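Undergrad: Residue numbers (the entry's author numbering), protein chains in the order written: chain C, 36 to 58, 64 to 183, 189 to 246, 259 to 717, 723 to 768, 774 to 796; chain B, 86 to 453, 459 to 802.
The beta carbon of each residue, even a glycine, is placed where N, CA and C say it ideally should be.
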Ligand SMILES: OC[C@@H]1O[C@@H](O[C@@H]2[C@@H](O)[C@H](O)[C@H](O[C@@H]3[C@@H](O)[C@H](O)[C@H](O[C@H]4[C@H](O)[C@@H](O)[C@@H](O[C@H]5[C@H](O)[C@@H](O)[C@@H](O[C@H]6[C@H](O)[C@@H](O)[C@@H](O[C@H]7[C@H](O)[C@@H](O)[C@@H](O)O[C@@H]7CO)O[C@@H]6CO)O[C@@H]5CO)O[C@@H]4CO)O[C@H]3CO)O[C@H]2CO)[C@@H](O)[C@H](O)[C@H]1O
Ligand SMILES: OC[C@H]1O[C@H](O[C@H]2[C@H](O)[C@@H](O)[C@@H](O[C@H]3[C@H](O)[C@@H](O)[C@@H](O)O[C@@H]3CO)O[C@@H]2CO)[C@H](O)[C@@H](O)[C@@H]1O
Ligand SMILES: OC[C@H]1O[C@H](O[C@H]2[C@H](O)[C@@H](O)[C@@H](O[C@H]3[C@H](O)[C@@H](O)[C@@H](O)O[C@@H]3CO)O[C@@H]2CO)[C@H](O)[C@@H](O)[C@@H]1O
Ligand SMILES: OC[C@H]1O[C@H](O)[C@H](O)[C@@H](O)[C@@H]1O
Ligand SMILES: OC[C@H]1O[C@H](O)[C@H](O)[C@@H](O)[C@@H]1O
Ligand SMILES: OC[C@H]1O[C@H](O)[C@H](O)[C@@H](O)[C@@H]1O
Ligand SMILES: OC[C@H]1O[C@H](O)[C@H](O)[C@@H](O)[C@@H]1O
Ligand SMILES: OC[C@H]1O[C@H](O)[C@H](O)[C@@H](O)[C@@H]1O
Ligand SMILES: OC[C@H]1O[C@H](O)[C@H](O)[C@@H](O)[C@@H]1O
Ligand SMILES: OC[C@H]1O[C@H](O)[C@H](O)[C@@H](O)[C@@H]1O
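See below:
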């Protein structure tokens, strides 16, 4: 139990200082080897005091030496001294400094970044800070307000390059730690901390010194579901079950345990992938989309309200989902944080080194700190975070919010070769996880429409799908747009496939399904919504019937298009937002509605559509676009539709089931017109008759038949605002 | 449930990081990246079995439990430190597509810390096999080296004098009188000589693992310099006296020991790393580590599977691929944290600026910048410059390659990277030899090349000034031969720089008249003076301090004999030049105005000609003189007369002061440099006092002088 420090002197010599802890004080043995430069003996002026402890010949006269002792129970300190030869001349380090050594704390190691436990039991701390030239470690014990212990780090011993580091014999009696950088006494949160404390707003958080217990994953295995056979369901951990109607105990609602308790509800809809909203720790004021930390889940989502309980609960939820065959996808915000320009907002890395982690003055019209995503240090932080969330929490994929922002360089420019995205795409550990680019940004600055790079690996959320479907149902779009979106949006995913198009008609933000058919005013023109004849809720029977038909049409288009349908939380049960387009106004999910006939219809229709997708995997769950010989476009009576005619809001798809076991053709009619229209069914071989499976103008018993039979070349009468699906048998 | 070593050892899943064998929890965790491999197995050898080229044990890897993403991994409980390991990968063999998988090959992990193939330098394997089976060393659960409190010197780079040295050649000659010639330990007993020579930094020529017999099977040549690396995490085990003892661990420790001793004597260590290519060569070369794991990832390939050749050595390392970037940064961090290296010099560093094929619009966006195109902000150099650890070490770059890319003054630097100033070399070689139109360029060289480094935000000490290196003429050959003599290399004298900018000082060859020999001595001292008075970091190759000669051969990469050895017996014969060089280095150290942290300003530095204040910058000028204010010397006047004519140069008029001679390369030794150790220094000064009293100095042709302003 000792530590050596070999100081190079300024007179071509060496000074070896060995610090050994006592079984309680400390013993510091100074040894000057060599000769010539010290001809005549020298004295150890410890801080230049009236003492000096003259060095006596210790080894054969070649090695002069002295020994000092320091009392026990003394907090870590620094022994600073000079050497004076027998002529009055002083002797200093080669940096023209007084030989300074630590007592009570070892040198430490530069890796791993963060807090590590060594084989002996010593706790290693390592933190990167290029801007700072003075770093100190604060250790807080159980309540503390002020540090229970403060350890300044010597810039010469406790530093390798730009990584400050220090080892401690033990941390007994201490529960958390923090870093002070530059000289400002504000504690800082270690970026690489895996366990953290509770936020306290000036802002304050401390990394816990406890190590997360080893988690027994048992036989847990990644579902590894093919991207094509994916039906996503976005969910907010808090709002999903925090309502008392969910029937969960308090402190179990709104948590990961509550999320896992509804795996049967998830399975009932045919869902096999839940897309959680950001689970990183976040400021309560700004919301989940402004994270402070990137290595643990938020403690509000744990039953006990702690970060360790949060880790355990989230791992349990992932285990339950994996054993139930459902993948877990995390929405991750790596484009900005909740930290502020001022010193009160600074918590984690705006203080440690904000020249590396953040862009100069951020961007225009945005106070939120914009991360320097393409700076190598930030690249490493983000990549380590992703690897931690994959290897540790067994996450199946990530949906990168504000993904376009990740392509911008330090100066706010647009990089032609974004290094961070390239690193993410070709990370060996992450090669099997799904990566999805989400253009929507919580900020107030829309970036640009541009060609996000994918390497045939990135999926994308297709907002164009939402806009086009909404417009078509609103009668302000050409049928060519609906044709493009139904066939997998090949204009955008030509080189990837339909499966890489994450379709959606309603998001956590904006208007919900029941709000796209009820709320349509001047301010909501951006949502491309239609009030169906009367703004706000109403009692007009015709209007309500039209709204029900519109909801059915939205779900039908979502689940019959080529791609991955992404179902927002509450869409299945009419979770109204009261006409607000802000995600912050969304509330807890009212589960009672699950016993209604309206929600019965919605959930049954969604389940039927998912079952149709599963059964006819050769049509909807394809890795490649449908051939341009098994798709035909027809109008009122088996005729060329008016692609360029804006007034024609009717269209028909005929899909030839390529029988490369027999397969049945499909015929889908979309009618957004305010008036009915005839539909001439295609021709079928002798003995085959169309089966009317979907008709959105009927009541629940018959709305989605698993059946009515129709001979070939017949003429159906599509009612206004309806979708019809037939399948040859 | 599975067991590896006849049931004794247990086999678990493991974890994918860190890559390479790692001692952990009473066992060893192996992890290796391979994207194209459909199957993989871990092959364990015992040293005797590896000698026989037989696998002691083979643990197959399940693609379900022993593969996370593109990283195969497996954990084995037990005491495996005394065995060696490799991998056997099964995939597609398709040279046209860039795949080379073959189960008959056992490959060495790129992250292996020691590659055990042979023990003795230049001794083939059992049967003349120059390419015997190689394996990697399995780590111990603890470190077995005492650093003795070693701390990083962190000398400011302006205070560096760099000594490029070959580890084997430094002590391999019989005249070294060391216990182990040609090893790290053998070199440890000469760091005292280096310290007394004035050096405080040693640039080791490639000490990474390499095969010295790769040129030996065909032909009968050696690979002396070692610019073809097998393993990058591993030191050369044939440069250690231990050899393959304790599975190479001893060799590792030996290298560490050398470093430690260098730091005990106040000498920083800079490793010469060669990341731009590998010993595997082109498709026709051996498959050792990278080609058998992922050729399409680790190498630059044209669309038809051909190997891009920008290094000139057969293949090009895909430096800017993300995986290769991570590998290179990890290797450098390992050499800095584990082996306590102070800096790196990158061979053909410009190859690290050329982009990879991943950004071809075919791969990204699926359909229509290309492979090998130099980049403005290469990702690898960005990762090195802004690395938490590597950002604060020396980062010297040889800014060019064999593909025609030349980036001196333009290497993407982030205001961090230094460079081998080849323009300084050319300009100084051309001025000191008497060439027209190089007075202004020479003056710029003396000032740290502000026209190259000042605009970009770099300082004078980011320029690594050098006149001679391992490749090219030595300092003595630079003044003895007009043209190269490379017939011994075997390639019909087609090797090495053809534009040497050298001058035989009259007659050619080592057999010349007395006047030519004295002129050569003058020229050697002039080169050293120019190197030691310039702003920047002076770098010189080993042997230039005593006049090492390679017989006119300016490319001796394949000679394991005395032509590349430090001649300790010939050092004593030419101890006058060694004394002059040591005194010049000490003089540079003492002067406050030579190792400047910023470019010289007109306030401190004044330019003169044959008369003060009237420099001649014309194309016919061959004289450059200046005076520099000095906080310790008062003022120093330096003058170079590269003309073939003597000149009585007037000195600046400083009322109440006199110029006292210090250095004159024309004087006979020891009067070429005046020190108090000469009992008759005062008499020597008095014999020229009649010139110095009228502010004059008589200079021979091709000679330099340094004077100090003393009160009088
Ligand atoms: O970046 C460094 C740079 O240069 C420094 O100094 C240079 C230094 O790096 C080198 O020594 C350099 O030498 C080069 C070679 O590097 C390079 O090869 C070059 O050009 C040719 C060369 O003519 C051939 O090598 C050519 O084809 C060969 C393959 O490349 C090679 O892989 C070889 O592979 C194996 C071969 O199949 C086989 O013969 C085998 O040998 C035996 C085995 O025992 C076994 O197979 C048995 O069964 O039988 C065989 C014997 O038959 O081993 C071979 C490899 O070990 O196959 C081809 C040969 O047929 O490729 C290259 C293409 O470029 O030629 C020389 C020229 O010098 O030059 C130095 C210059 O200085 C520094 O100066 C500098 O600082 C630095 O920047
Ligand atoms: O340069 C002409 C000039 O000087 C002559 O003396 C010597 C030159 O000063 C000197 O440079 C050298 O010329 C050699 C070149 O430096 C070098 O490229 C070499 O490889 O070839 C040249 C010589 O072969 O040598 C000359 C003398 O030989 C000469 O004395 C003056 O009259 C003349 O004005
Ligand atoms: O004195 C400080 C000054 O020193 C250096 O400037 C000198 C140049 O190094 C040197 O080349 C020379 O420049 C002259 C050209 O050679 C000549 O062709 C002509 O056109 O005039 C030039 C300058 O007038 O002399 C200058 C000093 O006169 C150094 O480069 C500067 O950074 C530094 O400020
Ligand atoms: O989006 C569909 C449009 O393009 C198509 O290739 C067809 O010509 C027709 O369906 C329409 O013109
Ligand atoms: O098929 C309807 C349309 O879908 C697509 O967007 C393609 O352009 C083509 O398939 C057609 O124009
Ligand atoms: O990118 C391809 C586009 O046109 C094609 O012919 C496909 O049939 C369709 O799925 C897509 O719209
Ligand atoms: O899937 C059928 C495909 O055939 C086409 O020639 C193109 O590849 C694409 O436009 C189309 O989707
Ligand atoms: O390509 C031109 C340059 O190439 C090389 O790197 C040489 O070192 C240099 O002398 C030459 O001028
Ligand atoms: O100066 C070094 C010489 O050898 C190198 O390997 C370069 O490829 C060449 O350009 C240069 O002339
Ligand atoms: O032809 C092989 C040549 O390759 C390189 O570019 C070296 O600069 C040169 O010294 C060597 O002879």
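With a threshold of 7 Å, establish whether the CB of residue 513 of chain C neighbours any heavy atom of ligand 7.
TA: Translated into the one-based positions of the first chain, residue 513 of chain C becomes position 456. False, no ligand heavy atom lies under 7 Å from that Cβ.
Undergrad: Here's the rule: buried if 16 or more other CB atoms are within 10 angstroms of the residue's CB, otherwise exposed. What is residue 509 of chain B?
TA: Sequence index remark: in the second chain, residue 509 of chain B carries index 419 (1-based). By the neighbour-count rule (16 or more Cβ atoms within 10 Å), residue 509 of chain B is buried.
Undergrad: Is there at least one Cβ from chain B nearer than 8 Å to residue 488 of chain C's Cβ?
TA: For the purposes of this step, residue 488 of chain C is taken as the residue at position 431 of the first chain. Chain B, which has a Cβ nearer than 8 Å to the Cβ of residue 488 of chain C, makes this yes.
Undergrad: Please list the partners that residue 235 of chain B has in chain C, where partner means a Cβ-to-Cβ separation under 7 Å.
TA: Position 150 of the second chain, counting from 1, holds the residue named residue 235 of chain B. Per Cβ cutoff of 7 Å: 41.
Undergrad: Using a Cβ-Cβ cutoff of 7 Å, what residues of the region 236-248 of chain B are near chain C? List them in chain order.
TA: Of all residues in the region 236-248 of chain B, 236, 238 have a Cβ within less than 7 Å of some Cβ in chain C.
Undergrad: Can you have a look at residue 455 of chain C and say buried or exposed, based on whether 16 or more other CB atoms are within 10 angstroms of its CB?
TA: For the purposes of this step, residue 455 of chain C is taken as residue 398 along the first chain, with counting starting at 1. Flag for residue 455 of chain C reads buried.
Undergrad: For the structure I just gave you, are there three or more beta carbon pairs, one from the region 583-594 of chain C and one from the region 536-552 of chain C, closer than 8 Å?
TA: no
Undergrad: Round the Cβ separation of residue 383 of chain C and residue 323 of chain C to the nearest angstrom and send it over; I've been treating them as touching at under 8 Å.
TA: In the first chain, counting from the first residue as 1, residue 383 of chain C sits at position 326. In the first chain, counting from the first residue as 1, residue 323 of chain C sits at position 266. The Cβ separation is near 6 Å, so the contact holds.
Undergrad: Which of helix, strand or coil does DSSP assign to residue 544 of chain B?
TA: Counting from one through the second chain, the residue named residue 544 of chain B turns up at place 454. It is coil, neither helix nor strand.
Undergrad: Which ranges would you report for the beta strand (DSSP E) in the region 615-687 of chain B if only whole runs of at least 3 residues count?
TA: 627-631
Undergrad: As an exercise, report each continuous beta strand (DSSP E) stretch of at least 3 residues that is fully enclosed by the region 680-750 of chain B, in chain order.
TA: 695-698, 713-720, 724-731, 737-740
Undergrad: Please name the residues in the region 481-503 of chain B whose beta-carbon is closer than 9 Å to at least one beta-carbon of chain C, in chain order.
TA: 481, 482, 483
Undergrad: Within 10 angstroms of the Cβ of residue 227 of chain B, are there 16 or more other Cβ atoms? Answer buried if so, exposed if not.
TA: One-based indexing of the second chain puts residue 227 of chain B at position 142. Answer is exposed; the Cβ neighbour count stays below 16.
Undergrad: Residues in its own chain within less than 7 Å of residue 678 of chain C by CB, not counting five upstream and five downstream?
TA: As a first step, residue 678 of chain C is located in the first chain; it is residue number 621 there, counting from the start. The residues are 285, 286, 670.
Undergrad: Among C/181, C/290, C/230, C/153, which one has its Cα closest to the Cα of residue 352 of chain C?
TA: On the first chain, position 295 is the one that residue 352 of chain C refers to. Taking only the C-alpha atoms, the option nearest residue 352 of chain C is C/153.
Undergrad: Output the boundary residues of the beta strand (DSSP E) element that contains residue 97 of chain C.
TA: The residue given as residue 97 of chain C occupies position 57 in the first chain. From DSSP, the beta strand (DSSP E) with residue 97 of chain C extends over 96-99.
Undergrad: Taking the beta strand (DSSP E) that residue 484 of chain B belongs to, which residues open and close that run?
TA: For this step, residue 484 of chain B is matched to residue 394 along the second chain. Taken as a continuous stretch (DSSP letters only), the beta strand (DSSP E) holding residue 484 of chain B covers 484-487.
Undergrad: Does DSSP put residue 366 of chain C in a helix, a strand or coil?
TA: For this step, residue 366 of chain C is matched to residue 309 along the first chain. In this structure, residue 366 of chain C counts as helix in the three-state DSSP scheme.
Undergrad: Run down chain C in chain order and give the residues with a C-beta less than 9 Å from the C-beta of residue 510 of chain B.
TA: Against the second chain, residue 510 of chain B aligns to sequence position 420. Near residue 510 of chain B there are no residues of chain C at all, since even the closest Cβ is about 23 Å away, more than 9 Å.
Undergrad: What's the C-alpha gap between residue 339 of chain B and residue 266 of chain B?
TA: The residue you call residue 339 of chain B lines up with position 254 of the second chain. The residue you call residue 266 of chain B lines up with position 181 of the second chain. Roughly 14 Å between the two C-alpha positions.
Undergrad: Counting only beta-carbon separations shorter than 8 Å, does residue 384 of chain B have a partner in chain C?
TA: Mapped onto the second chain, residue 384 of chain B falls at position 299. No, because no Cβ of chain C sits closer than 8 Å to the Cβ of residue 384 of chain B.
Undergrad: Quick one: residues in its chain with C-beta nearer than 6 Å to the C-beta of residue 713 of chain C, no 5 flanking neighbours on either side, listed in chain order?
TA: Here residue 713 of chain C corresponds to residue number 656 of the first chain, with the count starting at 1. Counting only Cβ-Cβ distances below 6 Å, and skipping sequence neighbours, we find 687, 727.
Undergrad: Just how far apart, CA to CA, sit residue 179 of chain C and residue 483 of chain B?
TA: By 1-based counting over the first chain, the position of residue 179 of chain C is 139. By 1-based counting over the second chain, the position of residue 483 of chain B is 393. Cα to Cα, the separation comes out at about 31 Å.
Undergrad: What does the Cβ neighbour count give for residue 769 of chain C, buried or exposed, with the cut at 16 atoms within 10 Å?
TA: It's not possible to place residue 769 of chain C here, given that chain C moves directly from 768 to 774.
Undergrad: In three-state DSSP terms, what is residue 519 of chain C?
TA: By 1-based counting over the first chain, the position of residue 519 of chain C is 462. Correct three-state label for residue 519 of chain C: strand.
Undergrad: Would you call the region 226-236 of chain C in contact with the region 393-411 of chain C, where contact means no fewer than 3 C-beta pairs closer than 8 Å?
TA: With three or more CB-CB distances shorter than 8 Å, the region 226-236 of chain C counts as touching the region 393-411 of chain C.
Undergrad: Are the Cβ atoms of residue 740 of chain C and residue 694 of chain C separated by less than 8 Å?
TA: Along the first chain, one-based indexing puts residue 740 of chain C at 678. Along the first chain, one-based indexing puts residue 694 of chain C at 637. Closer than 8 Å, so yes.
Undergrad: DSSP has residue 166 of chain C in a bridge; who is on the other side?
TA: Working through the first chain from its first residue, we reach residue 166 of chain C at position 126. Residue 166 of chain C pairs with C/154, C/210.
Undergrad: Ignore the nearest five residues each way along the sequence and tell me which others in residue 552 of chain C's own chain have a CB closer than 8 Å to its CB.
TA: Residue 552 of chain C sits at position 495 when you count from the first residue of the first chain. Counting only residues of its own chain and dropping the five nearest sequence neighbours on each side, residue 552 of chain C has a CB closer than 8 Å to the CB of 513.
Undergrad: Could you tell me whether any non-hydrogen atom of ligand 9 is closer than 7 Å to the CB of residue 86 of chain B?
TA: Here residue 86 of chain B corresponds to residue number 1 of the second chain, with the count starting at 1. Not so, every heavy atom of ligand 9 lies at least 7 Å from the Cβ.
Undergrad: Quick one: what does DSSP say residue 491 of chain C is sitting in, helix, strand or coil?
TA: On the first chain, position 434 is the one that residue 491 of chain C refers to. In the structure shown, residue 491 of chain C sits in a strand (DSSP, three-state: E or B).
Undergrad: Compute the minimum distance between the beta carbon of residue 534 of chain B and the heavy atoms of ligand 3, and state whether it is under 7 Å.
TA: Here residue 534 of chain B refers to the residue found at position 444 of the second chain. Yes, ligand 3 has a heavy atom inside 7 Å of this Cβ.
Undergrad: Given this structure, state the Cα-to-Cα distance separating residue 563 of chain B from residue 409 of chain B, to the nearest angstrom.
TA: Along the second chain, one-based indexing puts residue 563 of chain B at 473. Along the second chain, one-based indexing puts residue 409 of chain B at 324. Using only the alpha carbons, I get a separation of about 35 Å.
Undergrad: Are there any heavy atoms of ligand 1 lying less than 7 Å away from the beta-carbon of residue 567 of chain B, as far as the coordinates show?
TA: Here residue 567 of chain B corresponds to residue number 477 of the second chain, with the count starting at 1. Not so, every heavy atom of ligand 1 lies at least 7 Å from the Cβ.
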